[PDB]
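Asks: quick one, structure for this:
(chains A and B)
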2 protein chains.
Amino acid sequence: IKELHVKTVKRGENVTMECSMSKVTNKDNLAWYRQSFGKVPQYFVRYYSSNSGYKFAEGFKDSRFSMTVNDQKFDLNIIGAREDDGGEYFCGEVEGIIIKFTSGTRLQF
Amino acid sequence: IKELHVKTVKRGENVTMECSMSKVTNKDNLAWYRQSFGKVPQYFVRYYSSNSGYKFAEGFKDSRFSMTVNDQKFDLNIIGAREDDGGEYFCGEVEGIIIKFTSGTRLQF
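Replies: Residues are numbered from 1 along each chain as shown, chains lettered A, B, ... in the order given. Take a look:
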């Protein structure tokens, strides 16, 4: 089973967590999920038909996050990390009645 | 955010991890996901119309794992716990392009 990447950062550091695009069946069911410690995971940001390529969960109010979305990349960036960014982030694609996660990162301080 | 139930168990013990049928839109879309430490989560067992009511992921063979499924319950059972059962378990329903997790357990030793 795919091991998570572990990323150790300090307060105020810039970070990118990676997810490859090369093997996505339906770009449209691709998304990053986020799990804070001790909590259930939640849809965070999805691939999206737009100029940016992506759309955060409704009512996510934090412009530190962005993504790099192209033919090859679906990478999540943070400019200026803070303690509450810590947690696990899983990249996955919904396929039928199931989702398959193809990468993830445990971001820690 | 929903809190995971934190459960600490002893080797050999029995454990049930609860998930409700009460607000499910489509049962066919309901599944438990399993996450080993430092791994991506993986689909583990889904609702399935049958005498048992469920079907484990292809490749999984461990008869200590079962489910209690009825009109109210979609509960995951372990009979005779083992340390490699350690990890996080999430119950979610795919809803269109996105899975929504409704409950989970942090199973510890």
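Asks: and residue A:39, how far from residue A:17?
Replies: Distance from residue A:39 to residue A:17, counting by Cβ to Cβ, to the nearest Å: 18 Å. Heads up, the C-betas are built off the backbone N, CA and C, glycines and all.
Asks: give me the more crowded residue out of these two.
Replies: Here residue A:39 and residue A:17 are compared on neighbour count by other Cβ atoms under 10 Å in any protein chain shown; more neighbours surround residue A:17, at 22 against 16.
Asks: would you mind listing what in chain A touches chain B?
Replies: A:1-4, A:6, A:28-29, A:31, A:33, A:36, A:38-43, A:46, A:90, A:92, A:94, A:96-104, A:106 (Cβ under 8 Å from any Cβ of the partner chain).
Asks: now, of those, which are buried?
Replies: Under a neighbour-count criterion of 16 or more other Cβ atoms under 10 Å in any protein chain shown, the subset of the residues of chain A next to chain B counted as buried comprises A:4, A:29, A:31, A:33, A:39-43, A:46, A:90, A:92, A:94, A:97-104, A:106.
Asks: may I see the buried residues of stretch A:77-89?
Replies: A:78, A:81, A:85, A:87-89.
Asks: what sits against residue A:68?
Replies: Counting by Cβ atoms under 8 Å, 6 or more residues apart in numbering or on different chains, residue A:68 touches A:16, A:74-75, A:77.
Asks: in what helix or strand does the residue nearest the centre of chain A lie?
Replies: The centroid of chain A falls nearest to residue A:32 when counting by Cα atoms, centre = their mean (3.5 Å). Using DSSP states H and E, residue A:32 maps to strand A:30-35.
Asks: contacts for that strand, please.
Replies: Applying Cβ under 8 Å, 6+ apart, the contact partners of strand A:30-35 are A:17, A:19, A:21, A:24, A:41-47, A:74, A:76, A:87-94, A:101, B:97-99.
Asks: which of the residues you listed fall in strands?
Replies: A:17, A:42-47, A:74, A:76, A:87-94, A:101, B:98-99 (DSSP state E).
Asks: okay, residue A:105 and residue B:50: tell me how far apart.
Replies: Distance, residue A:105 to residue B:50, by Cβ to Cβ: 37 Å.
Asks: neighbour count winner among the two?
Replies: Here residue A:105 and residue B:50 are compared on neighbour count by other Cβ under 10 Å; more neighbours surround residue A:105, at 21 against 9.
Asks: go ahead and confirm that one touches residue A:17.
Replies: Yes: look at residue A:105 against residue A:17 with Cβ atoms under 8 Å: they come within range, at 4.1 Å.
Asks: what do these two both touch?
Replies: Shared contacts of residue A:105 and residue A:17 (Cβ under 8 Å, 6+ apart): A:5, A:7, A:89.
Asks: closest to residue B:61 among these?
Replies: Within the shared contacts of residue A:105 and residue A:17, distances to residue B:61 taken as Cβ to Cβ reach their minimum at residue A:5, with 29.2 Å.
Asks: which ones are touching the spatially closest residue to that closest one that is not a sequence neighbour?
Replies: Ranked by Cβ to Cβ, 6 or more residues apart in numbering or on different chains and with sequence neighbours excluded, the top spatial neighbour of residue A:5 is residue A:105, at 4.5 Å. Residue A:105 makes contact with A:4-7, A:17-18, A:88-89, according to Cβ under 8 Å, 6+ apart.
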